[PDB]
Amino acid sequence: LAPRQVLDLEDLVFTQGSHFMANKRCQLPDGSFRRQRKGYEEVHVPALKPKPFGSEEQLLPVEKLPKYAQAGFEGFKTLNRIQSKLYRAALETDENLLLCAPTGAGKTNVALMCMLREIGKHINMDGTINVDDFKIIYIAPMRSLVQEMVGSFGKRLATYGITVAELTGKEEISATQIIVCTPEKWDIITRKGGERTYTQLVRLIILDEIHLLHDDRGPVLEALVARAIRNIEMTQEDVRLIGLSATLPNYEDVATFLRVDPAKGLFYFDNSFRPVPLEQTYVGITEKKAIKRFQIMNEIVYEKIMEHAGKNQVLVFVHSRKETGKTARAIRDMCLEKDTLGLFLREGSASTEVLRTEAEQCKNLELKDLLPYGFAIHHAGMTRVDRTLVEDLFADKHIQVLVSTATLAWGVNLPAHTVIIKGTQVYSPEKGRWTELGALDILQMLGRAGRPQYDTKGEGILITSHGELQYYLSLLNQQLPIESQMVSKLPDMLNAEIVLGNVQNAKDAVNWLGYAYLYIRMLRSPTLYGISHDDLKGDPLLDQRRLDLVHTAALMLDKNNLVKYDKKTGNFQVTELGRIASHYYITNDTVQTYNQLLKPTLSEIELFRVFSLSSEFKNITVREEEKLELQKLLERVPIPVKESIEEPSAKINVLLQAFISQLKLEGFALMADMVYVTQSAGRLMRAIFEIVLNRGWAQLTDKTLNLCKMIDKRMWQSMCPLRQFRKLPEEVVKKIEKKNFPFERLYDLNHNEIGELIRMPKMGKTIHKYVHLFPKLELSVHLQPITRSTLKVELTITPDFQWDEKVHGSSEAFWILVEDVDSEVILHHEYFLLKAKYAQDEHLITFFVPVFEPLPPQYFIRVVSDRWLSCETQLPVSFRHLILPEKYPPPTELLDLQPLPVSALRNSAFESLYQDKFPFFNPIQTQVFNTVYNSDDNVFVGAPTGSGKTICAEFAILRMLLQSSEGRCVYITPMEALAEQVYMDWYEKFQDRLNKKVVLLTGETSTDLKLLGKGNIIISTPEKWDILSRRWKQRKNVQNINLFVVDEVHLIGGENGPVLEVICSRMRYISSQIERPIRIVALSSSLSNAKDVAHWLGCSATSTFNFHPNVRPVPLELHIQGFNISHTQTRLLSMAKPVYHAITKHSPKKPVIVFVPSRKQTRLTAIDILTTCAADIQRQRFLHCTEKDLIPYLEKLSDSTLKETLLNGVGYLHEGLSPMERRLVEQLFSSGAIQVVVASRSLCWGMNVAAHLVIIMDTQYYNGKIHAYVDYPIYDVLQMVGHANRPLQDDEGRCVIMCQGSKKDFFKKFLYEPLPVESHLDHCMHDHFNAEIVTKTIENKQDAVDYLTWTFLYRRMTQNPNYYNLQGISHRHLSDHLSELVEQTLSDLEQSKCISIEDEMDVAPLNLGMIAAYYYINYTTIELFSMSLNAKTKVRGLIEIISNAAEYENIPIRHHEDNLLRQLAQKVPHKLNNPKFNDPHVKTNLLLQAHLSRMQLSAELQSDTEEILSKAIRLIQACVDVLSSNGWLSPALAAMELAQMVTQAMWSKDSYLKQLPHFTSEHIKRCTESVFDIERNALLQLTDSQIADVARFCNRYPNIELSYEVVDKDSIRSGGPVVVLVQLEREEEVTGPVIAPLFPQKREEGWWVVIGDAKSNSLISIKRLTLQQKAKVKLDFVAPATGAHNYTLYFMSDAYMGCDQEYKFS
Ligand SMILES: O=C1Nc2cc(=O)n(Cc3ccccc3)cc2CN1c1cccc(OCc2ccccc2)c1
């Protein structure tokens, strides 16, 4: 709150812009002499004599400059004078430079030296250069110069393998190192907020012709540099700035502006450094006289040209493309007439080069007229090849007199000897007037006088008007001061910075102005900028003036609603109009106009008028002279121009229409105006489109999008779409149009019929081709009801057309529009990008759409091309048969009970777990307390995450221990992480203090059964408890449990939810058989339908407590921030600053958790938060302890970056970190030492920590399998929001959710409101049905139908039938659908040979079904095994086969991982045949080969390898079973060897010594071979700790002896049973489990005793066991005849290599 004054900006602004002079006088050098010709005044400024070298100045040969930089300098012997003074500064220092030189001084090679300096850092090994490690930006003021420089730098840097490209005219430019472009282009790019995607890699910025600061375009430069500098401060990344300027006053302020050290990087060269000394002639015209003004100019021109009439070149600059033809024509038109003036400057009156200029005449246009006589023309466009030919022919210095336009001076380098500029008057469309030419143009033009290698002295002449034009004299003689035009453009600039989020308020804006050139200029010339010496003395830093300017601009932006700004706080709030305004580069008055006139019902007439009213056009007016032509155009343009007579408005309208109709024009001012309106047209219309699209106005969205496309394609909607193909003849198309036939119908005609219909058969084939090149999409929909208000839509987009790289490029963009029945409203919309490589792949787009209870017949889904005209597909979505679900019952009302005390629990040993922490239970806990603690009946508690639902389950547990001391309780959590957290908490709370037994179920079965036996409290995930309790008939400990607790039961609606549902239903089923109730306690998030889950689990209406999300003990303040960006990387980057703003606004001093999509995003967001904080001049602001205190803990960290961020008070959490590291970060965060932690989404279940503020960065994650982004499960988000809960510390929790705009409303709905859930079990049926058939719970079809009655599914099917695709809620429909389900499931199971179906009723388990059910493996997996396995299968084939298991289907493919898997593919022993690298099976294969080969990989691949190796064993054992069941010897035992070598990480053929720890590839050389051989270990390297590991290895590794007998050798014979008895004994007590350090989940040894014939390759008998101490093994098999043959007895492990044994017998 500081005093603010409203300024009048029009008072402070410089009106003349570039034409403005701070100059009082102008001092003329040496000979000033004036010659008065009475028709004009002539002022001569002579050339400066060439300066002799100074004492230290010398030329610097290319050999002297650095080795790596010599390339690109071929063609240049040594450096230029200027460049020689600059070479050390450019190449050998990183200092910011400002180079002031005469125009044409060759400042270019200096910039190239700066570039080469940047390149020199990247030298690398023998990679030659690093293309992707850096980017360089070259900003040039003119487009022509941009292309010239792209060419030059391209040629010069070609040897370094570097791409130079032009950005000004859409992504893909990401592959380009040097981006050349205009200030406004780069400003537009860096405004986007995803700017960082471009600028993160930028190490260098070169501002060319920076004196443009004085020009009206200058503020753009100021904004650019300000933005970049603040970015140097904010990112801490150093970015070098090189300014290049003409020699003019104030340049030192430019150096300051650019952060240049005046004693280091500032270089100024006066006019004596001009490469060709210039004799200057300044002509000016006395009076305004009529039309003889022009004849005066031409008379001047003639007299001054003729002084050169032998070898000399003259270049004349004129202001119109017509004036080129008129002036070159005019001297030949004038002159000659008098004694053939200057005739034959064609050298020899014969044919020297005359034959060459007369031979090129066979060119076109007016070129042919002037060319035989040394003459030519250069003007803007309309020539082609001819412009080039004028250039090359003028270049060999034959064309003598060349008349041109400034575009030549800017576009290509061809200096002449003499340069004449005519009149200095140019038409300005934006001013709508005729004004005096821009300073930059004059400089670059006159800069062409004299030829560097061909001229000792140059000459130039500037003809102009007399008055107040001493200005030019000021300009060329280095006296014209550079000022700041910033005051003019201040509101649009300020708005841009507000939209980027760089200024959040007035103070930030003042500080922002501090970086502007305006600031310095105001400081050093205060009177000029309208500041009193008094004001300046009292306020040297100009706080008052900056604050006042900011105040005025803010009021302007606030008026037009680009920004909400309150004068009290001074804070800025971005609006959408401002956001679009900054993005689409529109002035604030125009956005306000649009805001006024835009409405859904706006007609097209009205639209064109609104476009005409854009303030970009405010100075355009209708001249008398153009009226007639306008009239003609209006008669020819299609859209009615409403009641506007010839106003500026109507003129603009018709000019745009005329541009679309491609009508040719004559009037030149009119042509200029049209170009001006059409350049802006696309942007303005795209802006309008964005406005109405995001307001959801369907008609106007349609109109506006079409208008964008029409301006782009220069055609009306009415015409034929084929026009959009540019290589097609236009009269063919007009013939097609003349036929009043639909374009669509052309799809169904063969090319014969095509050529036939058009009576032009010759084109018939080609047309056909293009017809099928036209983008076309097929649309398929799948509709699932969610709530009465909400529907789920799966939209399948199928491309139908041929892709062409020429036509479609790399991609094609579409808008998915979901509109209501009237097509007046867009209910949902999103951007869909079809990539070329991924075309022909099917695209599944999922979203939700709102509906309203008086349901319409249908909605409409239109997919419309973003570019192509008349490209669309519309699909009706029919509601006729739609059955909305039942509305949700009210939540259980939360009563305010007295906050029941801990003493209400009556036990002391119980109360001691609580009283220390809290005096009382919360309202939810007290309300449910009586029910849960006192009764035994089943109970459901719904409540938001963080309501403390946990200790209700704990009430129940305490009661179970109260009733029976030996009682057994099983607790299930969907997530393993949660399971371990609960395990820690309750191990302390029960096993330690209350001294009960607390166990945690693991992967392995046997040890788990044991844990089930001893445990009082048993913690498990659904899968473990599933593979356990499947055998429940046979396992008593499963049958008897007093208490069953399920937490987060709403996860039944998520992935893996079917298993939760199955085990819960099985527990209910079990409960009814023993008529001893198994109590069931279910905890959940607020459910829209509690009632269904309650009926399912046996909860009474009173024992069911389901609470609304607003009763959450810590009240939630939820804020949802939409971002409209369709490209995720860009969105994240645009989210970076809003995150920091969220921290500092909502939780400045209190803890903050920030969830981000991926591992890498954790580090990046942490670093952004860090550096931004520090750039607020507040560092450690997030560190609430002293750095000194942290050092002792941080000494234990391996990770460097984690140390640095923790040191700044910000930690982060991802899976790559060690448990120690994670625990460290969590402990520090909980303690309050660090205020901020940034965790990946995968850890949201695995974090025990809480915050005051939770920020969710984006909502989506990348799926590499489908090549698309997918939404966070609503469950993960619920969890994340729950992590901001702090009942003790905070009076409120706070959450800020950041997301793509299309998702925004979704989170406003299902966060605030309770969550509807459904059962996906019906798609998971097969494994469970197979399982229950094996255990004989299901013996027939009726048993399956009955089994289904225990599921949540059964309940939901009548509540939301259409979700499960039931067409009715009648009991008939239910029975029918269920029967259909069991029939299909059982059928699929029979076809897979898992089960056998008998008598159409009964079912029985088969072998494969038993195998799958036993090892807990998907049935398709073992089916696949049975199909792909044969007698000749070996190890490699086995790996390929096991890699294809369905268990590995969910192995993730991450972003940009295809390259890494491609690299891994060549590094592995078994090359894979035609692999797809987004295929998870290919990945698991490669990773298996990697694990075997001891390849260490990236962290991600390592975690993946872990998840694979997890399920590897059961898969392999399944292969063993299957192989033996088919009677194959060789493939078996190979499977076993594979099990071994998977456990111990070794290959087929390999050292057995590789199993011992602390062995490398170097050691084996001296080992020349068995753990059995281990005479002094002194053979090689030993450490006593390493000695401990090896000695520990050998006392475990099996030492086993085996006896065998064929019982009664002789009494067995012909046909009868044979029993081979084997006896196993080991000479050591087994200690510890298997040790396989490289195996993630340590397994226990098991052994196969196999009997088989090695000749016929038959496995006659097999058995698997665990040894214990010693073991008896009975192998029984049937005998062949003539009883005596040769057999083999194998003894194999699943773990170790080398323990394998063979015994031959008979
Ligand atoms: O962002 C999203 N994430 C999700 C996560 C998730 O788990 N599910 C499954 C699920 C959801 C709730 C309960 C249980 C299971 C679904 C989504 C869908 N979703 C989304 C995406 C695009 C658009 C959209 O508009 C919705 C909308 C718009 C306007 C008015 C009303 C609604 C929504």
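For this deposition, the record names X-ray crystallography as the technique by which the model was determined and cites 2.950 Å as its resolution.

Our focus in this paragraph is helix α5 (residues 183-190). Counted residue by residue, α5 has six buried out of eight residues, so it is predominantly covered. Every buried residue belonging to α5 is among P183, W186, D187, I188, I189 and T190, and all of these are buried.

What follows deals with the sheet that holds strand β24 (residues 843-850). Taken in spatial order, the three strands of this open sheet run β20-β21-β24, and their pairing is antiparallel. Since the sheet does not close on itself, it has two edges, and those belong to β20 (777-787) and β24, each with one partner. With strand direction ignored, the average angle separating the axes of adjacent strands in the sheet is 20 degrees. Sheet analysis places β20 next to strand β21 (residues 790-799), joined by ten bridges and oriented antiparallel. Each residue of the ladder has a partner; that of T787, found in β21, is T790.

In this section: the site of the ligand. Lining the immediate environment of the ligand, one finds 15 residues, of which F848, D1271, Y1272, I1274 and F1306 sit closest. At 3.3 Å, a backbone N or O of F848 approaches an oxygen atom of the ligand. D1271 is positioned with one of its side-chain polar atoms (N or O) 3.3 Å from an oxygen atom of the ligand. For the ligand, the protein covers 86% of the area, taking 670 Å² as the surface of the free molecule. Taken together, the elements giving at least two residues each to the shell around the ligand come down to β24, α48 (1274-1282) and α49 (1304-1310). Ranked by residues supplied to the shell around the ligand, first place goes to β24 with three residues. Its residues placed into classes, the shell around the ligand shows ten nonpolar, two polar and three charged.

The next point concerns a negative patch on the surface. On the surface, a cluster of negative charge is contributed by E1339, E1398, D1399, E1400 and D1402. Among the structural elements, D1402 can be located in strand β43 (residues 1402-1405).

The final tally for this structure, using the stated rule, is 69 salt bridges. The closest approach of N and O atoms between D187 and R191, which form a salt bridge, is 3.4 Å. For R191, a relative accessible area of 4% puts it in the buried group. Within the structure, one salt-bridge network assembled from shared partners comprises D187, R191, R227, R230 and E497.

The next subject is empty space enclosed by the protein. Considering only enclosed or pocket space, the largest cavity measures out at about 250 Å³ in volume. In this structure, the largest cavity is lined by 21 residues; those nearest its centre are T199, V202, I205, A228 and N231. Looking at the lining of the largest cavity, the elements that each hand over two or more residues are α5, α6 (195-199), β7 (202-208) and α7 (218-235). Residues that form the lining of the largest cavity fall into these classes: eleven nonpolar, five polar and five charged. As a volume, the second largest cavity reaches approximately 160 Å³. Contributing to the lining of the second largest cavity are 16 residues, with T103, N271, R274, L443 and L476 lying nearest its centre. Among the secondary structure elements, those contributing two or more residues to the lining of the second largest cavity are β10 (278-285), α15 (439-446) and α16 (470-476). It is β10 that provides the largest number of residues to the lining of the second largest cavity, a total of three residues. Tallied by class, the residues present in the lining of the second largest cavity amount to ten nonpolar, five polar and one charged.

In contact at an axis separation of 9 Å, α5 and α7 are set at 45 degrees when each is read in the N-to-C sense. It follows from the interaxial angle that α5 and α7 lie oblique. Relative to α7, the crossing made by α5 is left-handed. Listed contacts from α7 to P183, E184, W186, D187 and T190 of α5 are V220, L221, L224 and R227. A class-by-class count of the residues in the contact of α5 with α7 yields five nonpolar, one polar and three charged.

Its place among the elements puts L1461 in helix α57 (residues 1458-1466). Through-space distance from the C-alpha of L1461 to that of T1433 is 26 Å; in sequence the pair is 28 residues apart.

Right, let's get into the environment of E468. With respect to the element layout, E468 can be found in the loop between β17 (458-465) and α16. Separated by 148 residues in sequence, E468 and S320 place their C-alpha atoms 24 Å apart. Each residue touching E468, except ones within four places of it in the same chain, is listed here: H19 and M21.

Let's shift gears to unusual backbone geometry. With a phi angle near 50 degrees, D1258 is a residue other than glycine that sits in the positive phi range. Its location among the elements puts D1258 in the loop between β38 (1253-1256) and β39 (1260-1263). Unusually for a residue other than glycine, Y1416 sits at a positive phi of about 55 degrees. Tracing the backbone shows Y1416 in the loop between α54 (1407-1415) and α55 (1419-1428).

What follows deals with the environment of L1190. Inspection of the secondary structure assignment puts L1190 in helix α45 (residues 1187-1194). On the basis of relative accessibility, which here comes to 3%, the residue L1190 falls in the buried class. In sequence terms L1190 and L1228 are 38 residues apart; their C-alpha atoms lie 9.2 Å from each other.

Among the six residues of strand β32 (residues 1079-1084), six are classified as buried, and the element is accordingly described as predominantly covered. Neither face of β32 is exposed, since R1079, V1081 and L1083 on one face and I1080, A1082 and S1084 on the opposite face are all buried. Bridge count for strand β27 (residues 939-942) against β32 is four bridges, and the pairing is parallel. Note on β32: the bridge partner recorded for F940 is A1082. When strand β31 (residues 1043-1046) meets β32, the two strands line up parallel, connected through four bridges.

This paragraph deals with the packing of aromatic side chains. Scanning the model with the defined rule gives 57 aromatic pairs in all. Ring centres 6.4 Å apart and planes at 25 degrees place the aromatic pair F344 and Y373 in the stacked group. A residue pair is termed long-range when its members are at least 10 positions apart, and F344 in the loop between α10 (321-333) and α11 (354-359) and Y373 in the loop between α12 (367-370) and β12 (375-378) qualify at 29 residues. Taken together, the ring pairs in this structure connect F725, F743, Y747, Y770, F774 and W868 into an aromatic cluster. The positively charged end of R745 is found above the aromatic ring belonging to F741, 4.9 Å away from the centroid.

Relative to the helices and strands, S465 resides in strand β17. Leave out the neighbours within four places in its chain, and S465 touches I285, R293 and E436.

Scoring rules and cut-offs
Residues numbered from 1 in each chain as written, not as in the entry; some residues may be left out. Heavy atoms only, no water. Residues with missing side-chain atoms left out of burial classes, pairs and counts. Buried < 20%, exposed > 50% of the residue type's maximum accessible area, 1.4 Å probe, protein only. Helix = DSSP H or I, 4+ residues; strand = E, 2+ residues; numbered from the N terminus. Pairing = 2+ DSSP bridges. Axes fitted to C-alpha atoms, helices over the stretch in contact; angles between N-to-C directions. Near = heavy atom within 4 Å. Polar contact = N/O pair within 3.5 Å; in protein donor to acceptor, adjacent residues only side chain to side chain. Areas by Shrake-Rupley, 256 points an atom, 1.4 Å probe, with all protein chains shown as cover. Nonpolar A, V, L, I, M, F, W, Y, C, P; charged D, E, K, R; others polar. Patch = residues over 30% accessible without salt bridge, like charges linked within 9 Å, V, L, I, M, F, W, Y side chains within 5 Å. Salt bridge = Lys/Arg side-chain N within 4 Å of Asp/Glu carboxyl O. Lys, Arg positive; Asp, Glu negative; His and termini not counted. Charge placed at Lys NZ, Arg CZ, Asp CG, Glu CD. 1 Å grid on protein atoms, 1.4 Å probe; cavity = no way out; pocket = protein on both sides within 12 Å on 5 of 7 lines; lining within 4 Å. Points joined across faces, edges and corners; volume = space filled by probe spheres on them. Parallel < 35°, antiparallel > 145°, perpendicular 65-115°, else oblique. Left-handed = near helix turned anticlockwise from the far one by under 90°. Contact = heavy atoms within 4.5 Å. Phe/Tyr/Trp six-rings, centres within 6.5 Å; stacked < 30°, edge-to-face > 60°. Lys NZ or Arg CZ within 6 Å of the ring centre and 35° of its normal.

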